[PDB]
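**Student:** Our numbering puts the first residue of the sequence shown at 2, with every later residue one more than the last. The structure's right below; bear with me while I get my questions together.
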Amino acid sequence: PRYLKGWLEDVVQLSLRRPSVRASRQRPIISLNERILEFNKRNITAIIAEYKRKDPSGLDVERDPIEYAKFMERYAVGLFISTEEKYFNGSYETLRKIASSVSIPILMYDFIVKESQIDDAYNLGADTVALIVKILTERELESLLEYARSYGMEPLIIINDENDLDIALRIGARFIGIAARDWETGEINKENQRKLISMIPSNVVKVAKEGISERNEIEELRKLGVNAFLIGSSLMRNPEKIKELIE
Ligand SMILES: *C[C@H](O)[C@@H](O)c1ccc2cc(OC)ccc2c1
């Protein structure tokens with residue numbers, strides 16, 4: 002990984018020590034980026050819901066994961082599941098359980114710095130993974146992209162700033178998430194998010210990551226070329242809000 006500081010340095014260390022999974026998945030990959038493009042063709046709003054119990058903002062929420070996943074299977078284009086333990090209160094066990102219970106694409110959200118974490122995602126039943134430009138070098142990103150693709154997964158490349166964008170465009174990413182929150186402070190900057198979105202070619206599948214609470218924001222972003230919308234913890238509190246967001 003890169004030279005990091007603070008909580009990012011910490012999670013990367015936790016990721017390096019985490020045991021591998023030695024298990025076999027029980028359904029083939031279902032492509033999230035392709036399902037988004039299908040939704041776009043059909044003029045259906047494509048929302049990725051998050052199952053996320055904690056994050057560094059101080060979020061703390063509990064609920065039945067299967068109840069949530071089964072509800073979201075009826076409305077969301079896919080599910081993001083946080084598996085990082087210390088800051089997100091996630092677990093591989095929860096990923097494994099949810100993946101076995103629903104038939105929509107599942108993105109595993111963690112801090113991937115080693116190939117075995119991609120094996121883990123695959124073996125636990127995830128359909129794809131996020132890769133975070135801020136924790137990886139250019140060379141690592143290219144390596145991990147290629148490795149994920151060898152399993153049939155197209156990772157979501159997450160960017161926060163223009164430096165990350167420049168790298169994302171060099172590495173041959175096909176599916177990019179543009180984050181609203183600054184990694185270090187948590188501050189939301191929508192002017193920055195929109196500028197980065199405007200700089201990505203239209204053939205990349207673009208996901209606006211967080212900063213969204215209203216259908217009108219989705220409509221504005223869709224007009225600017227965003228393909229799908231990754232909503233934050235507001236759905237962990239009020240799942241039925243998703244119905245209002247999809248029209
Ligand atoms: C996708 C990512 O985990 C995002 O949900 C997120 C939530 C909260 C948060 C807080 C920060 O500082 C307080 C920094 C980043 C951050 C990201």
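Heads up, the beta-carbon is just placed ideally off N, CA and C, and yes, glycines get one too.
Assign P106 to one of two classes, buried (16 or more other C-beta atoms within 10 Å of its C-beta) or exposed (fewer than that).
**Tutor:** As a position in the sequence shown, residue 106 is number 105, starting the count at 1. With 16 or more other Cβ atoms within 10 Å, it is buried.
**Student:** Within 10 angstroms of the Cβ of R75, are there 16 or more other Cβ atoms? Answer buried if so, exposed if not.
**Tutor:** The count along the sequence shown starts at 1 and reaches residue 75 at position 74. Label assigned to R75: exposed.
**Student:** Name the DSSP beta bridge partners of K6, please?
**Tutor:** Residue numbering aside, residue 6 sits at position 5 when the sequence shown is read from its first letter. BP columns for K6 are empty, so no partner.
**Student:** So, for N124: in the same chain, excluding its five sequence neighbours on each side, which residues have a beta-carbon less than 7 Å away from its beta-carbon?
**Tutor:** What you label residue 124 is simply residue 123 of the sequence shown in a count that begins at 1. Cβ neighbours of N124 beyond the five flanking positions: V22, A24, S25, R26.
**Student:** CB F40 to CB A50, shorter than 7 Å?
**Tutor:** If you number the sequence shown from 1, residue 40 lands on position 39. If you number the sequence shown from 1, residue 50 lands on position 49. The answer is no: Cβ separation not under 7 Å.
**Student:** Beta-carbon separation of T129 and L96 under 7 Å?
**Tutor:** Translated into the one-based positions of the sequence shown, residue 129 becomes position 128. Translated into the one-based positions of the sequence shown, residue 96 becomes position 95. No, the pair does not count as a contact, with Cβ atoms beyond the cut-off.
**Student:** Would you kindly work out how many angstroms separate the C-alpha atoms of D56 and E211, rounded to a whole number?
**Tutor:** Within the sequence shown, residue 56 is the residue found at index 55, counting from 1. Within the sequence shown, residue 211 is the residue found at index 210, counting from 1. Spanning the two alpha carbons is a distance of roughly 13 Å.
**Student:** When DSSP builds the beta bridges, which residues end up paired with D61?
**Tutor:** By one-based count along the sequence shown, residue 61 stands at place 60. In the DSSP output, where bridge partners are listed per residue, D61 has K55.
**Student:** Quick check: the region 191-211 against the region 156-176, are there 3 or more CB pairs under 8 Å?
**Tutor:** Yes, they touch.
**Student:** At a threshold of 6 Å, does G178 count as lining ligand 1 (C-beta to nearest heavy atom)?
**Tutor:** On the sequence shown, position 177 is the one that residue 178 refers to. No, Cβ of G178 sits at least 6 Å from all heavy atoms of ligand 1.
**Student:** Below 8 Å, how does it come out for the region 193-203 and the region 160-174: are there three or more Cβ pairs, yes or no?
**Tutor:** Yes, they touch.
**Student:** Locate the beta strand (DSSP E) running through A131, then write down its first and last residues.
**Tutor:** Position 130 of the sequence shown, counted from the start, is the residue given in the question as residue 131. Looking at the DSSP string, the run of the beta strand (DSSP E) that includes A131 is 129-133.
**Student:** Which same chain residues, not among the five before or five after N90, have their C-beta less than 7 Å away from its C-beta?
**Tutor:** Residue mapping note: residue 90 aligns to position 89 of the sequence shown, counting from 1. So the qualifying residues of the chain are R54, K55.
**Student:** Do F72 and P202 have their beta-carbon atoms positioned less than 7 Å apart in this structure?
**Tutor:** Taking the first residue of the sequence shown as 1, we reach residue 202 at position 201. Taking the first residue of the sequence shown as 1, we reach residue 72 at position 71. No, Cβ-Cβ distance for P202 and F72 is not below 7 Å.
**Student:** For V78 and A229, which I take to be in contact (beta-carbon distance under 8 Å), what is that distance rounded to the nearest angstrom?
**Tutor:** Working through the sequence shown from its first residue, we reach residue 78 at position 77. Working through the sequence shown from its first residue, we reach residue 229 at position 228. The Cβ separation is near 6 Å, so the contact holds.
**Student:** Entirely within the region 148-236 and at least 3 residues each: give me those beta strand (DSSP E) ranges in chain order.
**Tutor:** Those beta strand (DSSP E) runs which fall completely within the region 148-236 and span 3+ residues are 157-160, 176-180, 206-210, 229-231.
**Student:** Assign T84 to one of two classes, buried (16 or more other C-beta atoms within 10 Å of its C-beta) or exposed (fewer than that).
**Tutor:** Counted from its first residue, the sequence shown places residue 84 at position 83. So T84 counts as buried.
**Student:** Could you tell me the boundaries of the alpha helix (DSSP H) in which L246 lies?
**Tutor:** The sequence position of residue 246 within the sequence shown is 245, counting from 1. 242-246 is the span of the alpha helix (DSSP H), which, as asked, contains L246.
**Student:** Under 6 Å: does the beta carbon of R182 sit that close to some heavy atom of ligand 1?
**Tutor:** Numbered from 1 along the sequence shown, position 181 holds the residue referred to as residue 182. Indeed, a heavy atom of ligand 1 lies less than 6 Å from the Cβ.
**Student:** Are residue 265 and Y52 touching if we call contact CB-CB under 7 Å?
**Tutor:** Within the shown structure, residues of the chain are numbered from 2 to 248, placing residue 265 beyond reach of any answer.
**Student:** Roughly how many whole angstroms lie between the Cα atoms of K42 and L146?
**Tutor:** Here residue 42 refers to the residue found at position 41 of the sequence shown. Here residue 146 refers to the residue found at position 145 of the sequence shown. Their Cα atoms are separated by approximately 26 Å.
**Student:** Give me the Cβ distance between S234 and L9, rounded to the nearest whole Å; I'm assuming they're in contact under 8 Å.
**Tutor:** What you label residue 234 is simply residue 233 of the sequence shown in a count that begins at 1. What you label residue 9 is simply residue 8 of the sequence shown in a count that begins at 1. That pair is no contact at about 20 Å.
**Student:** Helix, strand or coil: which one does DSSP assign to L108?
**Tutor:** The residue you call residue 108 lines up with position 107 of the sequence shown. Strand, per DSSP.
**Student:** What does a CB cutoff of less than 6 Å around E116 pick up in its chain, not counting 5 residues either side in sequence?
**Tutor:** Along the sequence shown, one-based indexing puts residue 116 at 115. For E116, where only same-chain residues beyond five positions count, the Cβ hits under 6 Å are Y148.
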